[PDB]
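Here is the structure we will look at.
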Amino acid sequence: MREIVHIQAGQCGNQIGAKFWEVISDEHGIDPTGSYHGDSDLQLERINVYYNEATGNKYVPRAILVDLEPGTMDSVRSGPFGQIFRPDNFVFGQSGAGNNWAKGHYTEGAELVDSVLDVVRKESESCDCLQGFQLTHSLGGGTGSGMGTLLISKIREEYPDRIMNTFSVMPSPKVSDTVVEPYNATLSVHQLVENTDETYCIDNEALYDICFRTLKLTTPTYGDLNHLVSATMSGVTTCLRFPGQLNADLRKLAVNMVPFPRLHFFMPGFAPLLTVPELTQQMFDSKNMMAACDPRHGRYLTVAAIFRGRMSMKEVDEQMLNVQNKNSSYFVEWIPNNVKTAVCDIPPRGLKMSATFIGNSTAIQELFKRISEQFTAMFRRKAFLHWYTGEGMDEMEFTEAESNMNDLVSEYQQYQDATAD
Amino acid sequence: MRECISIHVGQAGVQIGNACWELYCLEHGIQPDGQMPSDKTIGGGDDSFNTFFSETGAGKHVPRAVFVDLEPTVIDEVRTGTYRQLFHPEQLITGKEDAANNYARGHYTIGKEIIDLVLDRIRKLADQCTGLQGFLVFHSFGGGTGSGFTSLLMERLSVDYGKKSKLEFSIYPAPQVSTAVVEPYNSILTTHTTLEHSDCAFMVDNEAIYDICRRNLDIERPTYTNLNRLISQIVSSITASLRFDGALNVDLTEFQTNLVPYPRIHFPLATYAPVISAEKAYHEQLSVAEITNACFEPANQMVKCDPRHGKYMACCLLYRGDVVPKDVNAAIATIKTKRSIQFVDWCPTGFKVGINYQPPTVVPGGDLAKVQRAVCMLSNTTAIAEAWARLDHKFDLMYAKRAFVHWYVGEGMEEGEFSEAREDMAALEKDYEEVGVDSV
Amino acid sequence: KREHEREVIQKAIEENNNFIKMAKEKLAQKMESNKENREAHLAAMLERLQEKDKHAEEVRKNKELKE
Ligand SMILES: Nc1nc2c(ncn2[C@@H]2O[C@H](COP(=O)(O)OP(=O)(O)OP(=O)(O)O)[C@@H](O)[C@H]2O)c(=O)[nH]1
Ligand SMILES: Nc1nc2c(ncn2[C@@H]2O[C@H](COP(=O)(O)OP(=O)(O)O)[C@@H](O)[C@H]2O)c(=O)[nH]1
Ligand SMILES: [Ca+2]
Ligand SMILES: [Mg+2]
């Protein structure tokens with residue numbers, strides 16, 4: 001077995017974590033009691049990747065629930081499946097983080113962090129062969145961004161040879177008015193560039209634009225947004241959860257997707273929000289991206305495409321050849337064969353045919369530039385720096401997060417402009 | 001005597017080992033439990049099939065084979081599959097964590113944790129042999145285990161067994177079934193590391209096998225199961241001279257003399273015919289002339305390249321089944337007049353011929369028609385260098401920007417190993433040029 | 001001719017031995033250099049994660065110093 005340890009931190013972190021476990025519990029035939037009431041044996045082949053086996057044939061999520069405020073905790077318990085999580089795996093504080101990254105990272109979170117680390121070790125030392133970790137969290141609040149990135153660096157100190165994978169939710173002014181959000185996101189992005197191996201960029205600004213323009217929701221709720229997220233997280237973990245060949249594990253994904261250690265921020269896509277050509281065309285369309293960047297404004301370093309359902313594999317092969325041929329100028333030519341595709345037989349619930357798209361595109365710089373511009377609109381005024389200097393933070397620590405993210409954008413531009421000859 | 005030990009490394013190597021030993025068992029009348037009613041010599045013997053099978057006192061015929069993978073899932077299917085009674089558990093070696101498509105992990109980080117165990121298990125097979133002839137190593141170029149672990153193994157075998165011969169069956173990567181974008185890196189590293197340690201290496205281009213299945217067997221989207229069953233037929237033809245007796249049976253080693261004019265020029269091109277479906281073989285008997293002619297059709301080669309635009313240094317014909325020399329000699333004589341067959345000026349132009357009278361077998365539920373006669377041609381042409389050229393080009397595109405190179409450096413490798421490996425490949429492509437120039 | 005015959009067979013032996021020897025030393029050299037390298041890249045990774053902890057002390061020390 002290749003185990004993943006799952007970590008949820010903060011307001012956003014725990015809500016999208018709950019719906020992930022509901023969706024894959026259902027796909028794997030596991031009810032809110034940890035009992036297997038499933039149809040086919042393919043649901044249990046790789047069940048050990050996300051589940052511990054408790055006797056009484058009970059499958060318990062290998063999940064660690066974390067927050068500096070008990071409110072989000074108590075909601076998960078009463079939620080659907082709340083009683084499938086190991087009770088000891090809840091680790092909550094009281095003070096909270098008040099949407100302050102320095103409270104999550106340096107002070108409040110630092111007081112609670114050593115208590116979460118104890119839980120990581122129990123789940124980790126109990127692993128036959130630990131793949132690594134996946135974090136869910138926002139980059140705009142305080143616990144998810146600050147303590148979430150503190151817990152990354154701490155976990156990396158103790159398991160430097162494991163893969164660190166994060167699902168990072170990014171703030172849009174269309175989703176939250178909390179003015180200090182371009183600060184928190186820029187400070188954790190500074191951390192994500194140094195200390196993770198793979199980050200799925202889950203952009204609230206794209207989820208909002210999807211719900212309103214495509215789904216046609218005048219007032220999309222955090223419940224609407226998280227529907228798109230659960231479908232995406234089920235998509236991009238399909239290769240980890242069911243028998244298969246390519247990207248069967250987190251290290252092989254990293255090796256195939258990350259040509260340069262810092263350029264590890266992925267643009268996810270999903271379709272439908274259908275025939276095999278429509279699925280292929282949609283999953284490559286800017287309107288089905290979860291990162292709010294137009295791919296035709298950059299170039300793909302690498303791409304992973306997961307098709308789910310019963311469909312002709314000859315047809316999928318020809319359609320994926322088709323899209324590269326007709327879109328050839330948008331894939332870098334110095335990485336041959338940089339598009340891999342997988343077909344898994346079980347579709348998500350509700351759908352007969354789905355496609356999930358994972359892109360490493362230099363157009364992700366569009367997402368980092370929208371944040372950088374909001375960061376400096378405040379920083380050049382020194383607006384709200386007291387919430388941070390008051391926690392003990394230096395000013396050139398903001399300057400450094402800034403220049404590092406500006407550097408990440410320059411390096412995406414560097415490889416977008418690169419040629420073979 | 002004259003025993004051969006087979007070593008199956010990584011997913012491709014293991015799974016092609018499943019296909020080959022299943023085919024061998026059907027060719028020799030060995031049951032899945034290993035009993036062989038025909039062998040009247042209980043507990044041993046010196047029959048031709050004993051080069052590939054040892055015998056227990058309880059009647060079991062046991063492959064002289066080791067399977068190795070750095071993860072367990074592929075070899076676990078051998079342990080529970082149809083032929084699980086065939087192998088002693090100690091012949092089936094697995095770790096817990098694979099090479100993650102990374103040569104450095106196969107050669108150093110992971111593989112160094114299992115190499116002593118593997119060499120111990122090979123040593124236990126070698127000590128059953130009264131006259132060990134050599135090893136047959138099966139592995140992909142593309143996987144982290146097939147590339148990195150295999151070459152760690154080849155170096156260790158040169159040490160433990162000196163100049164004892166080592167033959168390779170090597171799966172050259174194809175985009176239609178590849179698993180990693182870094183297969184060109186792994187390919188060039190293992191080719192560089194293994195070159196001095198291998199005597200003869202039969203390359204199998206997955207795209208050539210893939211096209212043959214699509215075009216000749218009407219499989220719209222071939223699987224590894226489709227590809228392996230064709231691959232085993234070619235492997236079976238190359239090893240049949242070792243496993244069967246015959247008046248006209250020429251030993252593989254004797255073809256080897258003709259196939260390798262210089263140590264580094266040791267990559268024969270394989271071509272097999274007939275590859276034909278049951279539906280189309282029906283009422284259609286393919287003669288010695290027809291299948292011989294099919295061997296000079298480039299669409300029937302194990303490796304994509306054009307021997308019409310290279311030069312021959314050797315041409316061997318390995319027939320099996322209903323074939324007599326007169327027919328062979330006539331078929332060859334018409335191919336010479338009608339075909340584009342230019343030899344380098346420094347070697348004779350004859351074709352070396354072997355005939356094994358045991359006819360080809362097919363595995364139940366396969367797509368190959370069962371036929372009365374088959375041929376594997378092994379030629380040494382300068383054109384096989386095209387396959388090096390294609391892989392070297394893909395390597396250069398990525399290495400010029402150092403794409404993915406950090407995954408290897410993080411595992412302890414240095415850039416100088418990449419450039420050193422790539423220069424050996426440049427020099428190898430140049431060797432293939434020079435052997436083809438006329439003398440003075 | 002006898003002395004020439006034993007020289008030839010001594011040479012074959014001497015060459016097989018030298019090949020085994022050099023392969024043996026090439027390998028131990030590679031495995032040792034690769035262990036040093038892998039260990040140095042890990043040690044450098046820990047060294048700067050441990051700098052993150054020295055800076056986390058420095059930052060908590062400022063929040064008391066300034067209060
Ligand atoms: N013909 C054939 N080729 C295969 C088969 N399995 C894998 N391959 C080839 O092997 C290449 C990748 O190497 P693998 O052997 O799968 O990897 P590995 O040996 O298990 O080493 P790891 O990367 O550590 O898992 C792919 O490009 C495939 O073309 C097979 O069953 N038949
Ligand atoms: N997509 C999505 N984003 C969320 C959700 N909850 C919070 N966020 C985002 O997270 C940011 C605030 O971080 P928060 O989750 O409150 O951190 P926490 O309170 O410490 O756990 C806001 O900018 C929101 O846009 C959610 O359920 N879905
Ligand atoms: Ca016998
Ligand atoms: Mg493998």
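Just remember, in the structure tokens the first chain shown is A, the second B, etc., residues are 1-based per chain, and ligands are 1-based in the order shown.
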With only C-alpha atoms and all ligand atoms counted and 10 Å as the cut-off, give the residues of chain A in contact with ligand 1, each with its shortest interatomic distance in Å and the pair that gives it, as CSV.
residue,atom,partner,partner_atom_place_in_ligand_line,distance
A:245,CA,ligand 1,16 (O),8.2
A:246,CA,ligand 1,16 (O),9.1
A:248,CA,ligand 1,25 (O),9.9
A:252,CA,ligand 1,23 (O),8.2
Within 6 Å of chain C, which residues of chain A are there when counting only C-alpha atoms? Please give them as a list in words.
-> residues 391, 392 and 393 of chain A
Residues of chain B no more than 7 Å from chain C, counting only C-alpha atoms: send them over as a PyMOL selection string.
-> chain B and resi 108+155+158-159+162-163+410-413
Kindly provide, as a ChimeraX atom specification, all nucleotide and amino acid residues lying within 7 Å of ligand 4, counting only C-alpha atoms and all ligand atoms.
-> /B:10-11,69-71,98-100,143,145
May I have the residues of chain B within 7 Å of chain A, counting only C-alpha atoms, written as a ChimeraX atom specification?
-> /B:96,100-101,175,179-181,220-221,394,397-398,403-404,406-407
Can you write out the residues you just picked, keeping N, CA and C atoms, as a short mmCIF file (atom, residue, chain, number, x, y, z; two decimals), in the first residue's frame?
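Dumped everything to again-v3.cif:
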data_model
loop_
_atom_site.label_atom_id
_atom_site.label_comp_id
_atom_site.auth_asym_id
_atom_site.auth_seq_id
_atom_site.Cartn_x
_atom_site.Cartn_y
_atom_site.Cartn_z
N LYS B 96 9.17 -2.29 -1.92
CA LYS B 96 7.92 -1.65 -1.53
C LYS B 96 7.67 -0.32 -2.22
N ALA B 100 9.88 5.39 -9.36
CA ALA B 100 9.13 6.58 -9.78
C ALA B 100 9.60 7.15 -11.12
N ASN B 101 9.82 6.27 -12.11
CA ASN B 101 10.25 6.72 -13.44
C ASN B 101 11.59 7.42 -13.42
N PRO B 175 5.56 6.93 -27.77
CA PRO B 175 4.61 7.86 -27.14
C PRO B 175 3.21 7.28 -26.94
N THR B 179 4.87 6.14 -20.14
CA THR B 179 4.36 6.48 -18.81
C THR B 179 5.03 7.70 -18.18
N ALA B 180 6.16 8.17 -18.73
CA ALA B 180 6.91 9.28 -18.17
C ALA B 180 7.41 10.16 -19.30
N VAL B 181 7.42 11.47 -19.07
CA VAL B 181 8.05 12.37 -20.03
C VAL B 181 9.57 12.27 -20.01
N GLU B 220 -7.63 -2.45 -32.64
CA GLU B 220 -7.73 -1.00 -32.80
C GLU B 220 -6.87 -0.25 -31.77
N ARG B 221 -6.77 -0.75 -30.54
CA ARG B 221 -6.01 -0.08 -29.48
C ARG B 221 -5.24 -1.11 -28.66
N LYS B 394 15.29 13.78 -28.69
CA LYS B 394 14.38 14.07 -27.57
C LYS B 394 15.16 14.41 -26.30
N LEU B 397 16.47 18.11 -26.61
CA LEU B 397 15.47 19.16 -26.45
C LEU B 397 15.29 19.50 -24.98
N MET B 398 15.21 18.48 -24.12
CA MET B 398 14.95 18.70 -22.71
C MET B 398 16.22 19.08 -21.95
N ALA B 403 15.36 20.64 -18.24
CA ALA B 403 14.05 20.19 -17.76
C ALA B 403 14.15 18.86 -17.01
N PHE B 404 13.56 18.81 -15.81
CA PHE B 404 13.44 17.60 -14.99
C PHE B 404 14.78 17.13 -14.42
N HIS B 406 16.55 18.30 -12.15
CA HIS B 406 16.59 18.41 -10.69
C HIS B 406 16.11 17.13 -10.01
N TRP B 407 15.17 16.38 -10.62
CA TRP B 407 14.74 15.11 -10.02
C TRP B 407 15.88 14.13 -9.92
#
Would you list the residues that come within 8 Å of ligand 2? Count only C-alpha atoms and all ligand atoms and give the answer as a ChimeraX atom specification.
-> /A:9-16,67-69,72,96-99,104,137-145,169-173,175-178,181,202-204,207,222-223,225-226,229
